[PDB]
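This report refers to the structure that appears directly beneath it.
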DNA sequence: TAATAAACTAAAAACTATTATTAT
DNA sequence: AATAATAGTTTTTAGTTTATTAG
């Protein structure tokens, strides 16, 4: 299934940091 | 069950990657080298238990043990160490590329059957369970032409055999990223290279599953659940011991000494006490240990307590994720499928006495049904289970004076509502790593190759709000209807 | 106050730091003559308990201990210290196989 | 498919081996659908049901060598993973289907068969 | 020899043995030790070991999983050499002492494994091997053993507290060096017996510490504490609280109570004035322990009751006016199980043992009483054996019991019906016939029984010589 | 305790404030100290160690001839904290750098780290700060805001993030504070779906009997028509039973140590029991559940061996 | 400044490796 | 000479020092 980390399948592909957003 | 992950990376040698990609940019060789630094760093910072070997084909020389033509290995299946990173990093750029080519081979043809041969024979040698196994590729060929269609067909047969075996193939565009110029016929034998490059740092994972806890809801019924620690700090790499120059750890003879004999404290000669007033109240470690016995390790359920009556002012240890299971008592998950279906009376919290360890007092805990927020993309958000919040005692309080002294004017609420409404955050949880831990990592890689420091940065915890204020508008200062400035 | 008869030498290493310094302090308090174990003038070469005569040769960097001295446990000496008397050296000599 | 106790799969292994005498029938042949059905029911895991599958292939392929047409790659892949009698089971499964392939020595030299065959086992 | 060339090929690559030379090292040594399971090759084995003494260090004497597996496997096969097949160990003895003391420098003597274990059972062999030579060996090791227990967390998973069994020794020269340590040693031993004796709803693990402390005490308790100390009552009551209302785990016939009972058999003297303590409960717990189905528990119970019975005979002889309740309890509990049919092939034998050793007190009670019990014994013994055609009788394993009882009663009887003088000879010249079927251990027990019935019958003039002459002739 | 500081937003906003550690578990106040057993003083209490070198031949090495190496992949990289102090992470401290504001609907109790609550209020000589504070808490309550504040206690302290919200009431406008996590403060295991478990779905009769249990359950009852929920067993008024047990047991030793220390006393357990009417009314649902649900058990428990001979 | 982050030594249990000890 | 208890490195955890804010 997709959405799993490539290094460790079964754990999720986490998107990197994005900081704080200002709306 | 733990398993392992075997990863092997193959590079052709035909000058199609020794070339500079007709650009001042990094060569396919050079970008693969930076990708492999990224992979090695990621493996080291994560569980380094996985073995990585270095093998090259299409080469003038042979050092593979089988000694088939155009195959030259460098590294065995080993955990990537510092020396591995240095020995692969000493061969990059033009000078590193040319010295590597004269010590490895400047380029020759490919024999697919031979390489699949040697990979099967080598992967036979694994002596442990293998949770995952993958081979990543980075080559510029659109489809096999130089080899005869016989080699292509037998490579297709072996590729089907290995795909059924479990190993899979991955590739990225090299001639031009995007569109479709690679794998026109590899489409049968079967950006993203940036992800293979350095994108994710400070990684770690766990494949364990905490023990079976026994619900002691009453004397008659005890059920089986699986507790799970889902939150805790990631720690400091241990200062394992070493020596000035021989570089060798120390043992310890750490034992308390007694003025009487040249020997040490005997376990009797050492004896516990405490100064209470005019008393050295005399006990032993045994008596203090025996004191703390209350009841068995588990949850001695006091009973449910309606969660409609609840408070947020109290806070304790981070919660624990309990999960339904059927390990050693039947009918467990049968009734566990219940209590997650209703939010009017089955959301009710469970005021419970919980002893986590043998010889531990009971600790007050409360239950929250954490419904499997199974994310729409299937990513079961807030997984199906239980969020357990540990409940306070009468010593979680240091008294505070009352601060209900003012309820200010609507002009101030209007101006600061205008101020704060111009900023809202989508609450990206992964948006700030540990700058302290990452800085320690950077110290480590500084001591690794040659750097005084390789990276000099924060994990974005520094305040960008020096530019947010103008983004929000400097009006925050003119919305100071305050006659006297607080900071003077 | 009886270590004066012992021209002793308590080792800093092996013999625990606190244990060692306490032993030299008791020696000098008892009037004990402290003298190195590298030459004559020693009534008792007292060294670590678990280390043998060959280890005495190796740690002292010698083929033999300087003459005139006797080798014995500091446990006996501590017993004498506590009891504030002196006991025989027999039954506590550090083991000398050469 | 029962896998907790030795007999509940060893018996089926040996009975399929004896039945493979000729082809599903110890006399004649008209059908082979059960053959690929058995193929997938073995290929279900081959890694959790592996030692049980090892004894299954053991007791099936002895009388029908062609059964081992599809397992040489696996058994070579498992030779270093073997340490005991599993080696003997691999030896007999490569015994039965010794033919059907022209080159089976180079596979051994790539297995480095020299250290495999210095052992004392008679 | 051939093994020398095998190791030289092995030791040729036994220089660094990182992994591959390491794999061949471990596999070769494992196969060699497995296959070498079997005379006149002993000289070859000894010269090999003399050249193997350096080989103990051709494998690196440091912790590494490969050279580790080397040391555990070779020591595990060294456990096979446990009997004194080597007659002149002295040379290799001190040599292997150096080699093992080098290997204890490794983690728990091998990466937390049985290297210390295998070595220490080898040390048990060395104690069995030339105890006379074992006079300076124990003269140079005690300090290190006390040193480990003088450090924190000396409890590896590998069950080490058999080092307790190592600490003491009766086969030593008994130098004053650990004799002056014995007091603090026993203080620590009783402390850990209390820690195990403490509730143990949290610390019941390592019951082996109790049994190994029992082996220790058996191996060194020559120092008298019978009533010179009060803590003899202490150790007695710790054992009593362990045993009387026991935990319900020791249902699988463990050898720890067997070791305790045989220790009590060999070290009852230190427990004096507590032998009389708890007079009845000891009896029914002895019945329970002997009634269990283990041979070790049964034999340990026999030895323990032997020591108990001799000492209680001593005290009851010292005070005939006292222990009237004790002696009546004895006679009633033996009379009940003689009048009862034999339900275990032992209760008759145990009861007649009690009769046999209860003659001197019965003699000072009444001489015609000991004559009466003796004639009853002879009547019963001829009824079961002599009147029996000797065709289906299997109480020959109680011949030691009959002989010990009759020896004791003849020691405490002077008036005898001479009609039993022919009877007895047809005993001896027949009971010699059944000697070989006896097991060697209780063959030696039968030897003790026959020599002490001799010393029983060797209490007269003409009757003495007549008995010896006739019995030796006919036998 | 009073802790003053100055919160900052951007490089221009600075408000003198005062922080107070409020919700802190009290632990042992007299941590037990060690003496001799035959004299009961620190006349035999010392230390002997210099951390002898781990070798093939263990050499007694000084505490300064030695390196604090570090596990680095598959080796131990030499290092000394003197290196850290010259290129470690340099934390500023005594700062409340507000990084951003997110929706209050976005923060969850699952995303709470820490153990405690920090009350923060404006410092004195600042009345404008107080009026602005009350007004801004009104504004934040209106707009559903929660602040991201990278906070560092002092030069010693690292960045300790967290959020504090005002307990708006007639009583104190205190600042209930909670520490916030990072991604290294969270994990995510796999958990199979359960309501879809055909083998383990709850029967409707069992479901109704469980509802009978829940109705017979009563701890936070509702009898007040003034919309007041009354709980009959609060946790904030029961301190560590460690303290009561220690005092009750100590009584004996403080008076007469020879006999065993008093047990945990039935009264202590009486403070740990709910209204018995609840259990009695649940027993019929309890019985019907224990009849409607089958259980199997395996015993791996321990037994006390300090055992009465009677 | 005579407590307090932050570390920090000890420290059960957890998730596996096994391992024997009654199973012919 | 057949299974059936346990075993045993690895990983957090937490009441102890340890320096730096502390009557």
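Chains as they are written, first to last, in PDB author numbering: chain P, 180 to 202; chain R, 32 to 221, 237 to 534; chain V, 39 to 136; chain F, 2308 to 2429; chain X, 10 to 47, 50 to 486; chain E, 245 to 554.
Positions of the beta carbon are idealized from the N, C-alpha and C atoms, including for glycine.
Assigned with DSSP and collapsed to three states, residue 276/E falls in coil, not helix or strand. If you check each beta-carbon in the stretch 393 to 408 of chain R against every beta-carbon of chain X, the ones closer than 7 Å belong to 404 and 405. A Cβ-Cβ distance of about 6 Å is found for the pair residue 269/R and residue 375/R, placing them in contact under the 8 Å criterion. Excluding its 5 nearest sequence neighbours in each direction, residue 247/X has C-beta neighbours in its own chain below 6 Å: 282 and 285, listed in chain order. At least 8 Å separates the beta-carbon of residue 169/X from that of residue 230/X.
Annotation: Cβ neighbours of residue 445/E in chain R (cutoff 8 Å, chain order): 380 and 383. Between the alpha carbons of residue 2401/F and residue 258/X lies a gap of roughly 57 Å. A straight line joining the alpha-carbon of residue 164/X with that of residue 404/R spans about 20 Å. The Cβ atoms of residue 469/R and residue 345/E sit closer than 8 Å to each other. Separation of the CB atoms of residue 372/E and residue 532/R is rounded to 6 Å, and the pair is thereby assigned contact status at 8 Å. Ranking 406/X, 33/X and 275/X by CA distance to the CA of residue 224/X puts 275/X first. Sequence-distant partners of residue 280/E (beyond 5 residues in either direction) whose C-beta falls short of 7 Å from its own C-beta, in its chain, are 287 and 288. Using a CB distance cut-off of 8 Å, residue 508/E does not count as an interface residue toward chain X. Using a Cβ distance threshold of 8 Å, residue 432/X and residue 378/X do not count as a contacting pair.
Using a Cβ-Cβ cut-off of 8 Å, residue 247/E does not count as an interface residue toward chain R, since no Cβ of chain R sits closer than that to its own.
Annotated three-state conformation of residue 137/R is coil, per DSSP. Distance between residue 2345/F and residue 2365/F, taken at the CA atoms: about 14 Å. Assignment of residue 366/R by DSSP, reduced to helix, strand and coil, places it in the strand class. For residue 442/X, there is no enclosing beta strand (DSSP E); the enclosing alpha helix (DSSP H) has its first and last residue at 431 to 442. For residue 189/P, the residues of chain E that pass the 8 Å Cβ criterion are 434, in the order they occur in the chain. From the listed residues 399/R, 175/R and 134/R, the smallest Cα separation to residue 140/R is found for 175/R. In this structure, the CA atom of residue 113/X is about 10 Å from the CA atom of residue 67/X. For residue 257/E, the enclosing beta strand (DSSP E) starts and ends at 257 to 265. When rounded, the separation of the alpha-carbon atoms in residue 2420/F and residue 105/R is 23 Å. Residue 383/R sits buried, since 16 or more C-beta atoms from the chains shown fall within 10 Å of its C-beta. An exposed status is given to residue 241/X, since fewer than 16 other beta-carbon atoms sit within 10 Å of its beta-carbon.
Below the 8 Å Cβ cutoff, chain X contributes 199 and 202 as neighbours of residue 313/R, in chain order. Residue state for residue 476/R is assigned as helix, using DSSP reduced to three classes. Apart from the 5 residues on each side of it in sequence, residue 274/R sits with its Cβ closer than 8 Å to the Cβ of 255, 256, 366, 367, 368, 369 and 431 in its chain, given in chain order.
When rounded, the separation of the alpha-carbon atoms in residue 271/E and residue 489/E is 14 Å. According to the DSSP assignment, residue 286/R belongs to no alpha helix (DSSP H), since it is labelled neither H nor E. Against chain R, the beta carbon of residue 431/E has neighbours under 7 Å at 252, 276 and 277, listed in chain order.
DSSP places residue 506/R outside both helix and strand once states are collapsed to three, so it counts as coil. Of the residues 335/E, 305/E, 311/E and 467/E, the one whose Cα lies closest to the Cα of residue 326/E is 311/E.
Per DSSP, the beta-bridge partners of residue 357/E are 423/E. In terms of beta-carbon proximity, residue 167/X stays away from the interface with chain E, with every pair separated by 8 Å or more.
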